[PDB]
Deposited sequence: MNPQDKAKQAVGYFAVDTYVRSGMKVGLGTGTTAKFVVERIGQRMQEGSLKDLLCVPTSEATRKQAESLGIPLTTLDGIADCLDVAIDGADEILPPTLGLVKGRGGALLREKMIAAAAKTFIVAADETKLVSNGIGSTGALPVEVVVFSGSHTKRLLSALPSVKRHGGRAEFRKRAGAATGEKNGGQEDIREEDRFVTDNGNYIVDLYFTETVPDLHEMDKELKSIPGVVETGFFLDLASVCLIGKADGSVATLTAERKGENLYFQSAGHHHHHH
């Protein structure tokens, strides 16, 4: 595998080895890094060191992967207390507050529901996910939006003061497939919750995340944002050489 994937693998395995134990209720992320987390839980099960485990997937792609490996699955409805731990990746990680940008794989809503329901929310990422001064340098800030009047909601997002200030441009997430100021409905990515996703790109770095998050949320039709603020408790960062750095809040 390439250097980036050895890093994603090392950090996923590490997360599972260090924080997951038998009898826990575990949240499972979505994406190429979470793939290795799921894969490691599957291995420890078969090896006999992980039992009586209840897991909650953040996407239908994640359940399908965990299903194919015999990992027990449910939703937050079937959990009485809180998840002990939730493990997921991130698209951007802003130390030292550990504010994140998530949602580039389309699963922001449930990832946030699962993260908020966990006593400890753990992010596992490779080194390229770390940013400085603010967000928006590696890509888009996703915003989940309802289907009805989606284009109009996209335009509203574009016009928010914080978004104009940072030179924001809006665009719909495309489904995997072929590809005027908007794309056609059949080409728009639909989340597991039946919603579209509006991606915001900026020409400059956005340093005030809390301010922007409130503005994005002031628009009716916005279901959820890619900002994960004051949620990550721990952020694991892996390198190709297999080592891992641990960032902790408080």
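Where C-alpha coordinates are absent, the deposited sequence of this PDB chain has the segments 180-186, 258-275.
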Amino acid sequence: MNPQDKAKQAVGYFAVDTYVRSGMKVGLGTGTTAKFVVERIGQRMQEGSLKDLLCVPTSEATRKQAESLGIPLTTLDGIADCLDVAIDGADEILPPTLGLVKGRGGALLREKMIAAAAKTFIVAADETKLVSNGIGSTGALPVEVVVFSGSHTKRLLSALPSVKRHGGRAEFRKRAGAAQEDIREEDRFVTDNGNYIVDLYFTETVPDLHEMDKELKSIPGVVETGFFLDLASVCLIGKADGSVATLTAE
From here on, numbers count along this sequence of modelled residues.
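Higher average CA B factor: 63-71, of the stretches 26-34 and 63-71. Look at the C-alpha B-factors of 100-108 and of 79-87. On average they run higher in 79-87. The PDB entry assigns its highest CA temperature factor, among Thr225, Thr191, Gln43, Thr58, to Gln43. Among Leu141, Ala178, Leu94, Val146, the highest C-alpha B-factor recorded in the PDB entry belongs to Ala178. Per-chain ranking of the deposited C-alpha B factor places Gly136 in the middle third. The PDB entry assigns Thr153 a C-alpha temperature factor belonging to the lowest third of its chain's modelled residues.
Among the modelled residues of the chain, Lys51 sits in the highest third by CA temperature factor in this PDB entry. For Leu216, the recorded CA B-factor ranks within the lowest third of the chain. Only modelled residues enter the ranking. In the PDB entry, a CA B factor belonging to the middle third of its chain's modelled residues is recorded for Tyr201.
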